[PDB]
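Single chain ahead, by itself, as structure tokens, in the form solved without uracil.
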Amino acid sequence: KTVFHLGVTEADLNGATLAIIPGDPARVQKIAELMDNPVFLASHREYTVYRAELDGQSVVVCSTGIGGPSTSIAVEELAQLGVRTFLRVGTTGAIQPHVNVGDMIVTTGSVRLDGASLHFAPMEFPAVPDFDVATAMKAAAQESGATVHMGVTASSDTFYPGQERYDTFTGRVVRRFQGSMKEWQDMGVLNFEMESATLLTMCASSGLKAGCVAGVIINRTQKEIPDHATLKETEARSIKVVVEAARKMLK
């Protein structure tokens, strides 16, 4: 009926069983407006919640905030309200030279460099998406005309040392993460982000269907600064694609 953080009721969702979950609350309205009859439901913390209609079916759009902990609350409370399918959308940097700005990445599995995933399953468990959601996201991404990469994402509880960034206050990275970016590159890992391991582990171990798609807005290996136009296009394409993937999931 009611939940602790999101500030919405089951009735507010109008029967929605699918949610699109961007990280940034400011993206929620933009995603909702790509669909029919978008309606603002609530805003509390990093959780801005909208409802809309896609081919006549109710869909929820709910922001997650940054990182696994924030995400885990949103996913749990949406599930309490009857949501069973979760589509993560965002933009990301790439760490493979062959991945270009404007390409899309659909995560087939996540390196669990997080903590919240361990609150749902031990480390041996794979942070893997639902096959139907990954399939729908691949299809929507390819149909957009983008170049699409299916592969592993490294999911870090930090933006800085866990992504082996040295341009920081201390300039230090803990032993665990020293040399780690080259390690992941050599293992074929496509990109870093900060929520997929928690999202995918939590869902795959809880009877929920989840997947992640993202537009590439920077490549860590390519200093060339992308153009504002290509970036705007990439942001817009990522949410168009996640909406099309949701359409493919509706039953």
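Start at 1 and count along the sequence shown; that's the residue number. Each form is matched to the other, and the largest set of C-alpha atoms that superpose within 1.5 Å is called the rigid core. Residues that one form lacks are left out of the comparison.
This protein has a second form, the form solved in complex with uracil, left out of what is shown; the following refers to that one.
Of the candidate stretches 89-97, 140-148, 168-176, 122-130, only 89-97 has residues whose heavy atoms lie within 4.5 Å of uracil in the deposited bound form. The three residues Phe159, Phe192 and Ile218 all sit with a heavy atom within 4.5 Å of uracil in the deposited bound form. Uracil in the deposited bound form is not approached by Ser180, whose heavy atoms all lie more than 4.5 angstroms from it.
Using a 4.5 angstroms threshold between heavy atoms, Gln163 counts as touching uracil in the deposited bound form.
By the rule of 2 Å per CA over three or more consecutive residues, the rigid core superposition between this form and the one not shown yields one shifted run, at 222-233.
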